[PDB]
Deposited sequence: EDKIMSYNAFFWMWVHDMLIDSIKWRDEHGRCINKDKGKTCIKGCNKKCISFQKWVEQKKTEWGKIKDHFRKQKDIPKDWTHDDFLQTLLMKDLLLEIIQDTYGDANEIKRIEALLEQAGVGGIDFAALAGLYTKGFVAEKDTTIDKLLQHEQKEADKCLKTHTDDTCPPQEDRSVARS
């Protein structure tokens, strides 16, 4: 019901930090987490595919709780649902505008736009589409990096 800060402040901070964390998985463990067609198992990557898989489920659960408080707003426009509201708010072009206006970092926007483009974005919103994509990448990660010491 209340977060560390105002719901509006928390909402955008969480969205921003999850998008950043999604990028940081590649910046830190891209030898494991990538879209490279060549499926060769790298030593020590299995462990990292599991942590990345764990993170996806943690964010999916956190997101569910955030969507639940959004649906409790009593000042939303008349004849419009909380879900159409959420969906409009998280459409790629508006999402990137709000993040940039709040953080003022254009390069961070470039990285996010690239991440969303490669996710097929660029269970209903952008965040949901991305968390679904993340679940498929962590599953692909485990199918390639099946063992910490390949084979």
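S.K.: May I ask you to mark the stretches of the deposited sequence that the structure leaves without C-alpha coordinates?
M.R.: According to the deposited record, C-alpha coordinates are absent for 123-140, 170-179, which together make up the missing parts.
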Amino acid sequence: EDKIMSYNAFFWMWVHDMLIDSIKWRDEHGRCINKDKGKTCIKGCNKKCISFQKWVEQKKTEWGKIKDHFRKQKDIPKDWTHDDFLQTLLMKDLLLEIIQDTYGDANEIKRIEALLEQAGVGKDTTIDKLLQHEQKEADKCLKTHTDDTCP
From here on, numbers count along this sequence of modelled residues.
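S.K.: Report the stretch with the higher mean CA temperature factor, choosing between 90-98 and 53-61 on the basis of the entry.
M.R.: The recorded data point to 53-61.
S.K.: Taking the mean of the C-alpha B-factors per stretch from the entry, tell me the winner out of 129-137 and 20-28.
M.R.: Of 20-28 and 129-137, the stretch with the higher C-alpha B-factor average is 129-137.
S.K.: Going by the deposited entry, which of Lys47, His82, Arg111, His69 has the highest CA temperature factor?
M.R.: In the PDB entry, the greatest C-alpha B-factor among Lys47, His82, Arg111, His69 is found at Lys47.
S.K.: Among the modelled residues of this chain, does the Cα B factor of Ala119 put it in the lowest, middle or highest third?
M.R.: Highest third.
S.K.: In terms of the chain's CA B-factor thirds, is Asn8 lowest, middle or highest?
M.R.: According to the entry, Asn8 has a C-alpha B-factor in the chain's lowest third.
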